[PDB]
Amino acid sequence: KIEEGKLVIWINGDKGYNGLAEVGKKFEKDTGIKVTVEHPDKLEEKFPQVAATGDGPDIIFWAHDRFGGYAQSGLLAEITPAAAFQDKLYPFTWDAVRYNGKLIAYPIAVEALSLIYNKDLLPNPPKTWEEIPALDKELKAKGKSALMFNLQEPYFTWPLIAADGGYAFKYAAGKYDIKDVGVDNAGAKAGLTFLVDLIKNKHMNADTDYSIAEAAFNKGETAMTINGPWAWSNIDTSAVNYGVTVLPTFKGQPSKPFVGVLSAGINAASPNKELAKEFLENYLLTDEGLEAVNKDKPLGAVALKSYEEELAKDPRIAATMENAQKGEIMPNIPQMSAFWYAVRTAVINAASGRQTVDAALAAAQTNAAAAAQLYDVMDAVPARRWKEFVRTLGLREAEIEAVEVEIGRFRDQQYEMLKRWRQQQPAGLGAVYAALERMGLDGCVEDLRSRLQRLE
């Protein structure tokens, strides 16, 4: 459990938590502060349940796409590093973790998918997605396959869909518009249709996930896979001679992977914020800190400039960064949740044949665009009435109601955050104010008197 005088960190199990634990032991050796790293299941979903409780972590690690919601709900502490420290990380990595003009996390590394081919089976990897059907059958003649990758998570199948024109939300004037969802445009329809055709000619199987796809490549059963740097570790241990190169082109235009920024967010309810800032700045985000984690599971291209020149020499990094520039940086807005869920539903149905491509994408468009609107009213729907609300609207689509749950859980962390604040323990002042300002006249007076009290 969390309490004053120690750090608890959450990171996804596919990353190098053991190496991260090493960095904390140094910290513990230098400060006497016990550092404990955990890797829970679905920490992306478990966090918004337990953040503002005594069961949430001090530091949370995830790609930058989740943090906008976290931030909007006032569940993160404003990161306040000196200019000299900011000038040690790449500026565009700071953009990712910047939401509404405020820094909400420490950017760690850059994550971008890449084509991971087996050199023993593929000296000249294909340049285009349209070459692959011919190569696979040639490998079918060897009882082999050309490609296998996780098909259950939309993270991995997006690069092909967004190649010719598909996108999440339109970007313009330096801003995203959540009403313009580019999941059902011409460029998106072609990518998925091309993907399914690969499966329908049984160049792939729909049940392929990370665990199995990983096994396939690691045992030299498929010539290619698509995965991130964190996966090179297990592959390095396996006896496969592999290469990491650029993703294949499609219709002249490259497959555009959503680029990820691994980021470290400080719980606003953590009683050891400065204690955390000390760790991330002066231990992890150092040439040795990052080296310790990378040795466990490769991070990719780090945001720390001093240690990026070190990794840039690795061709597998050069491959990723190329794909990174070719692809797009994930938005960090609170609506990316609505976008992901809708797509996760669409691909599984268009892959299992349960629906047309035109249908799933049409439905995903609607559900995402609609569910994306729920966030603008998250703070308005008065307290005790969020379930009555969403039940009043009665949308009932599985991916839509998933956002409802999330939002319903955000509102529950803010009430909890308010509870902590009332009892004089750490709390995020935004989560507090959002809760009072929907708690009738009594909330608003309580809200403002604090705003006035706070003016000291």
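Position 1 is the first residue in the sequence shown; the rest follow in order.
TODO: Compare the mean C-alpha B-factor of 429-437 with that of 21-29 as given in the PDB entry, and name the stretch with the higher value.
DONE: Per the PDB record, 21-29.
Task: Of 58-66 and 32-40, the stretch whose C-alpha atoms average the higher B-factor in the entry - done: Looking at the record's C-alpha B-factors, the answer is 32-40.
Task: Top residue by Cα temperature factor, when 280, 372, 199, 383 are compared in the entry - done: In this record, 199 carries the highest C-alpha B-factor of the candidates.
Task: C-alpha B-factor winner, where the candidates are 284, 302, 122, 76 - done: Comparing C-alpha B-factors across 284, 302, 122, 76, the maximum falls on 122.
Open item on the list: What third of the chain does residue 150 rank in for C-alpha temperature factor, lowest, middle or highest?
Closed with: Highest third, going by the recorded CA B-factors of the chain.
Open item on the list: What third of the chain does residue 314 rank in for C-alpha temperature factor, lowest, middle or highest?
Closed with: Middle third.
Task: Third assignment of residue 81 from its chain's C-alpha B-factors - done: Middle third, going by the recorded CA B-factors of the chain.
Open item on the list: Where does the C-alpha B-factor of residue 111 rank in its chain, lowest, middle or highest third?
Closed with: Its C-alpha B-factor, which the entry lists for residue 111, ranks in the lowest third among residues of this chain.
Task: residue 95 by Cα B-factor - lowest, middle or highest third of the modelled chain - done: CA B-factor rank for residue 95: middle third.
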